[PDB]
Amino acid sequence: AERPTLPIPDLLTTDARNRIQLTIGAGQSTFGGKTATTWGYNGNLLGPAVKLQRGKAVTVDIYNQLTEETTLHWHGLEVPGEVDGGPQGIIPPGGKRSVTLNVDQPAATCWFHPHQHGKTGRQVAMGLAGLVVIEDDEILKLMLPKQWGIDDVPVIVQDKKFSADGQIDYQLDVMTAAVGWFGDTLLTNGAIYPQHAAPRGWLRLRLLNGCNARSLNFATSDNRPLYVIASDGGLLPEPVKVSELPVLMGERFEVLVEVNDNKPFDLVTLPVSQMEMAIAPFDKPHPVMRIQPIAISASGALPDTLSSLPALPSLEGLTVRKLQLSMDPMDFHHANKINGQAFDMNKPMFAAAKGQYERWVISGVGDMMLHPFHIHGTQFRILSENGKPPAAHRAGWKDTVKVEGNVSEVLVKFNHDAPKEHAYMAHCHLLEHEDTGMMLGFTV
């Protein structure tokens, strides 16, 4: 048995009447010979890549065929509260939901997943995640690698814990609420250590850390560089060459990597400093996927310049908001907090100004856990990350910011409304923390 081929999510576009159908359902997937019940969008596991065009409205019809309630959140999309599919956007079992997305942001890889209050971790663990590929008039002029599933590939990396029966083993209990749900089976687009057939020249990887709790650190088996071309919210001004790429839960980077000879190399994840994430088999470099070159040459290029990043404005005069994350020293369902309160679906913590720059200061000072802090409804600028100026590859458009025993500062603006009944969320994207209170709503 050769390694399995990397599964490629289907590139899903609008039909005749500008509609997209998404069915949330249960099926079966096989993992190392053993069948398991899994959940998928438009299939058994994970989901398709929804492809939107900047400025072209589309309607998404969502059918919930699960045995519990769900929501469908578009992680990274600047859309109104009413289509954002946070915990208020309940779709009951057997239920249907329609949403109009009017995409009004630069080209980027976003994603979608459940946001059910207290169940998100379980619902992502069982298999639900999809991709969103935004294109605009600018990115297509660049001549990047762009053959979907050939030289432009999504890489959804996820660990799972299985019971001896072969079934996914999720439980949100008093330890998971603290440290997060993780396992020793690493999945790459839902496959174990797949291989991807790549043409000579530039391979474009759209990396997503789709793990509940585990952070990742991408490198190559032979330490060839990754050229970072994009972050969560789209293109950097120019490529940032790195030898390793840390990626928090819920973050996307797009990287070019060279396929310059006929020899296979792996994309790996390196050991991380995170409570209990460096236990074997993550105590050494762990293979993510085998890149197998084909003698085909690909025309994609690494442009010396990608885009223009607008100047930071003056920070004098801007509203400051302080967000203190805290974990109850020892009811575990409400142990994690922001500003001393566990998520109340009913009571938004504050109202942001529409179209007005704000500085949000997020503080994990008082514990040493990793909190990838995610704000809905915006692509922001990181001003300070964990008490340093941001790394070059992290200094563009971001929807997540590291908070780990220190203080981060991001420049935020909300171009779209979110009323009380469909508030935006701001939360830790360690899903078990989210599910145990580490989240607020806010209005616009």
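Don't overthink the numbering: it's just position in the shown sequence, from 1.
In the deposited sequence, how many residues between residue 330 and residue 331 have no modelled coordinates (none, 1 to 3, 4 to 9, 10 or more)? Gap between residue 330 and residue 331: 10 or more residues without coordinates.
Give the stretch, out of 14-22 and 421-429, with the larger mean C-alpha temperature factor in the deposited entry. Stretch with the higher mean C-alpha B-factor: 14-22.
Quick check: 257-265 versus 314-322, which has the larger average CA B-factor in the record? Result of the comparison: 314-322.
Between 152, 244, 344, 232, let me know which has the highest C-alpha B-factor in the entry? So the option with the highest C-alpha B-factor is 344.
Criterion, highest CA B-factor; candidates, 186, 236, 129, 175: Of 186, 236, 129, 175, 175 has the highest C-alpha B-factor.
Determine, from the deposited record, the chain-internal third of the Cα B-factor for residue 270: lowest, middle or highest. Answer is lowest: the recorded C-alpha B-factor places it there.
Chain-relative CA temperature factor third for residue 357: Tercile = highest for this residue's CA B-factor.
Chain-relative CA temperature factor third for residue 58: Highest third, going by the recorded CA B-factors of the chain.
Based on the deposited C-alpha B factors for this chain, I'd like to know if residue 334 is in the lowest, middle or highest third. According to the entry, residue 334 has a C-alpha B-factor in the chain's highest third.
Considering only modelled residues of the same chain, in which third does the CA B-factor of residue 381 rank: lowest, middle or highest? Residue 381: CA B-factor falls in the middle third of its chain.
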